[PDB]
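Coordinate inspection notes
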Amino acid sequence: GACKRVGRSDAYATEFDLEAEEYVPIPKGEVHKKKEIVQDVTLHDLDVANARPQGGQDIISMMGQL
Amino acid sequence: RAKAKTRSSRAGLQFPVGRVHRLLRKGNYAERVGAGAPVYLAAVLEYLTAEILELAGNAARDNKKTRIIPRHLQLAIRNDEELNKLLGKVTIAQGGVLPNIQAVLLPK
Amino acid sequence: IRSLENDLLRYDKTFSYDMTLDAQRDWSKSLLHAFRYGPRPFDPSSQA
Amino acid sequence: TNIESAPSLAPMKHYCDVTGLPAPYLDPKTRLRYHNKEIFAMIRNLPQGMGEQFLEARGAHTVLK
Amino acid sequence: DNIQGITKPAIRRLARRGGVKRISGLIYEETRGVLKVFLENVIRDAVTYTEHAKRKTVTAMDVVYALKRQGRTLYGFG
Amino acid sequence: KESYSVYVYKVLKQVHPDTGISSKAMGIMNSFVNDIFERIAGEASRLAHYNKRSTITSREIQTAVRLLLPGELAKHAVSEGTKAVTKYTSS
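Per-chain numbering applies: from 1 upward along each written sequence, possibly unlike the entry's numbering, with residues missing coordinates excluded. Chain A is the first chain written and ligand 1 is the first ligand written, with later ones labelled in order. Each value listed describes the chains present in this view, a part of a larger assembly. Side-chain calculation: all heavy atoms of the structure are included, whereas hydrogens and water are not. Residues with missing side-chain atoms are left out of burial classes, side-chain pairs and their counts.

In its metadata, the entry names cryo-EM as the structure determination method and reports 4.68 Å as the resolution.

So this is what it looks like as structure tokens:
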């Protein structure tokens, strides 16, 4: 359930003339790519991810001091 | 009746398309006058007015004055090749001449 | 400019003919000759 | 009958109308799509009576009446 | 070129008709320049009338109107 | 007693907003307007009578402007006039 906006498609590129987006072409492959990945996790990463909230929703960490 | 939209505006003009039309029609230039004709003539009259007045204000600023007068109009109409060709046989009251002294007459 | 460019062409290896004023002013540069006429040189007003 | 022709509503990719190359920007004086500065030079010194024929070839000339 | 078809002899004759006794060699090219400017002015107006009339042929009347426009009224045509 | 004063004033306060113009200068400018009007209208009438037309269309006014005004002046005038007539037609 992870989502990223890559850009605005180049068919709707010249709708206006000085919009500010990243105009990328439509991907010339499948729409449903199915691939499998073997991937490792160390138990210390489990320890850290269960102790403190990490990375994703930890927005108060931009202060820095305490 | 629907609200009266002045033709000058319908046109995006300051000049009176209405009066121009009267003058063309009542002025015997021909039996029939189109709407297009008034519009175009009014536009051309505005353009030349603009050019002259612009050059004149430029001259007035050059002489540190706030008010366009005849001498200013004259110096404007004479420093442009095109306006001076359009008005080459016209005299402007209180306009004066452009400063000019021949070389052979200058001190040697 | 031509005198300086001639000197740079003879002694400077990093200076190519493309960087000369004459090169920046020649048919081979403009696209309109390639659009109307092609990569061959201009028409000398011949018959065919 | 004969009213089955349908228009469109979609972003159009505007190309040049002097040449055929893709052109990204137009002009205020003559309203011509143009590719680069050579075509801009040939647009701003073309003889009169042709700057309207390019819009005639593209359409929406709007000649006077 | 074609302007050099207005030959040195032709210009001489025109100067003679005007009462000119002696002609500097520089007159010939000046005369050609002056003539070309005059013809350009008349032809510009003649073509303008021709275009207005939706014609492709320049007529005698277009030239006569162009000349009258410029204060050089020509009798004998039209 | 009608004069193109009003309009000369509106154009002035559009092109040099804080500058005025004198009464004498207004007179001269109004005379300018009348003169150009007359010349263009008259050339247009002549063109009409010469082409056996009885109407002074936009196209007569255009050709009058091209005969009367020199070079760049003529070109810019044609441009402005065409723009104006186009806007009028659109409205």
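As a further point, take a nonpolar patch on the surface. All names here are of chain E. A cluster of nonpolar residues, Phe38, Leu39, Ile43, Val47, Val58 and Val63, forms a patch on the protein surface that exposes about 440 Å² of accessible area. A per-element tally of the nonpolar patch places helix α2 (residues 27-52) first, with four residues. What makes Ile43 partly exposed here is its relative accessible area of 48%. The residues that make up patches have over 30% relative accessible area and no salt bridge, and they are joined within 9 Å when like-charged or within 5 Å when they are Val, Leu, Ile, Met, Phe, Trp or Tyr. Residue exposure ignores everything except the shown protein chains as possible cover, and the areas themselves are Shrake-Rupley values with a 1.4 Å probe. Salt bridges, as used here, are contacts in which a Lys or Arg side-chain nitrogen is within 4 Å of a carboxyl oxygen on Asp or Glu. Going along the chain from the N terminus, every DSSP run of H or I of four or more residues is numbered as a helix, and every run of E of two or more is numbered as a strand. Burial classes: relative accessible area under 20% of the type maximum marks a residue as buried, over 50% as exposed, and values in between as partly exposed (1.4 Å probe, protein chains only).

Looking now at the interface of chain F and chain B. Note on contacts: a residue pair qualifies if any of its non-hydrogen atoms lie within 4.5 Å across the two residues. Opposite the 55 residues of chain F that make contact, chain B presents 53 residues. Accessible area, probed at 1.4 Å, shrinks when two parts are joined; the buried area is that loss added up over both. Buried area between chain F and chain B, summed over both chains or domains, comes out near 4,900 Å², and the portion from carbon and sulfur atoms is 73%. The interface formed by chain F and chain B contains two salt bridges. Residue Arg19(B) pairs with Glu2(F) through a salt bridge whose shortest N-O separation is 3.2 Å.

A word on the pattern of salt bridges. For the structure on display, the rule yields eleven salt bridges over all chains. For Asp17(D), the salt bridge identified is with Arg58(D), shortest N-O distance 2.9 Å. With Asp17(D) in the segment before α1 (37-44) and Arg58(D) in helix α2 (residues 51-58), this pair connects stretches of sequence that are 41 residues apart. The partly exposed category is assigned to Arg58(D), whose relative accessible area is 44%. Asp62(E) is paired through a salt bridge with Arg55(E); the nearest N and O atoms lie 2.7 Å apart. Residue classification places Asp62(E) among the buried residues on the basis of a relative accessible area of 1%. Here the residues in one salt-bridge network are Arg19(B), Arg22(B) and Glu2(F), joined through shared partners.

Once that is clear, we can look at helix α3 (residues 58-68) of chain F. By the criterion of burial, α3(F) is predominantly enclosed, with nine of the eleven residues buried. For α3(F), the set of buried residues is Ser58(F), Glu60(F), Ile61(F), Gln62(F), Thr63(F), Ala64(F), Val65(F), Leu67(F) and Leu68(F). Where the residues of α3(F) are buried, they touch α3 (36-62) of chain B, α2 and α3 (60-69) of chain E together with α2 (23-50), β2 (55-56) and α4 (71-90) of chain F.

Our next topic: unusual backbone geometry. Trans is the prevailing form of peptide bonds, just as negative phi is the prevailing case for residues other than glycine. A positive phi angle, close to 65°, is found at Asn2(D), a residue other than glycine. Structurally, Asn2(D) can be placed in the segment before α1. In this structure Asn2(D) comes out as exposed when scored by relative accessible area, which is 64%. Look at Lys54(E): it is not a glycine, yet its phi comes out positive at around 65°. You can see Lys54(E) is positioned in the loop between α2 and α3.

We now examine the packing of aromatic side chains. Planes of paired rings set the category: under 30 degrees apart is stacked, over 60 is edge-to-face and the rest tilted, where pairs are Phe, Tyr or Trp rings (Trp by its six-membered ring) whose centres lie within 6.5 Å. Throughout the structure, instances matching the rule amount to seven aromatic pairs over all chains. On the basis of an interplanar angle of 80° and a centroid distance of 5.7 Å, the ring pair of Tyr29(B) and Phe37(F) is categorised as edge-to-face. Taken together, the residues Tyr29(B) in the loop between α2 (17-25) and β1 (32-33) and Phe37(F) in helix α2 connect one chain to another. For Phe37(F), a relative accessible area of 4% gives the class buried. Ring geometry for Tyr25(D) and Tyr34(D): centres 4.9 Å apart, planes at 90°, overall edge-to-face. Look at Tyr25(D) and you get partly exposed, because its relative accessible area is 39%. Throughout this description, the term charge over a ring refers to an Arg CZ or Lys NZ atom that lies within 6 Å of the ring centre and within 35 degrees of the ring normal. The ring of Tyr4(F) carries the charged tip of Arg19(B) above its face, separated from the ring centre by 6.0 Å.

This part covers the packing of α3(B) against α3(F). Packed helices, taken two at a time, are described by the angle their axes make and the gap between the axes. For helices, the axis comes from a line fit to the C-alpha atoms of the stretch in contact; other axes are also lines fit to C-alpha atoms, and the angle between any two N-to-C directions lies between 0 and 180 degrees. Look at α3(B) against α3(F): their axes get within 7 Å of each other, and the N-to-C directions meet at 25°. Classified by the angle between their axes, α3(B) and α3(F) sit roughly parallel to one another. Where α3(B) approaches α3(F), its residues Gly36(B), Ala37(B), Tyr40(B), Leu41(B) and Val44(B) are matched on the opposing element by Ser58(F), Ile61(F), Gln62(F) and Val65(F). Class assignment of the residues belonging to the contact of α3(B) with α3(F) gives a composition of six nonpolar, three polar and no charged. Roughly parallel means an angle under 35 degrees; roughly antiparallel, over 145; roughly perpendicular, 65 to 115; everything else is oblique. For this scheme, ten residues count as nonpolar: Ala, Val, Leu, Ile, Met, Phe, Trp, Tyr, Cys and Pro. Four count as charged, namely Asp, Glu, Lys and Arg, and the remainder, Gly too, count as polar.

Another aspect to go through is a positive patch on the surface. Taken together, the side chains of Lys54(E), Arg53(F), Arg59(F) and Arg66(F) present a region of like positive charge at the surface. Position of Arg53(F) relative to the elements: it lies in the loop between α2 and β2. The class for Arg53(F) is partly exposed, based on a relative accessible area of 41%. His is not counted, nor are the chain ends; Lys and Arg add positive charge and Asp and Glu add negative charge. We put the charge of a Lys on NZ, of an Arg on CZ, of an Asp on CG and of a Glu on CD.

Below, the discussion takes up the environment of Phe16(A). Residue and element names in this part refer to chain A. Mapped onto the secondary structure, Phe16 falls in the loop between β1 (8-9) and β2 (23-24). Here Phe16 falls in the exposed class, since its relative accessible area comes to 56%. Sequence separation of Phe16 and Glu36 is 20 residues, and the distance between their C-alpha atoms is 41 Å.

Residues and elements named next belong to chain F. For the pair α2 and α3, the least separation of the axes is 8 Å and the interaxial angle reads 115°. The two elements α2 and α3 cross, and the hand of that crossing is right-handed. Residue-level inspection shows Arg39, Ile40, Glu43, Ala44 and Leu47 of α2 in contact with α3, the latter providing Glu60, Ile61, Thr63, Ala64, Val65, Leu67 and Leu68. Each residue belonging to the contact of α2 with α3 can be placed in one class, and the counts come to eight nonpolar, one polar and three charged. Here a crossing is called left-handed whenever its near helix is offset anticlockwise from the far helix by less than a right angle, and right-handed whenever the offset is clockwise.

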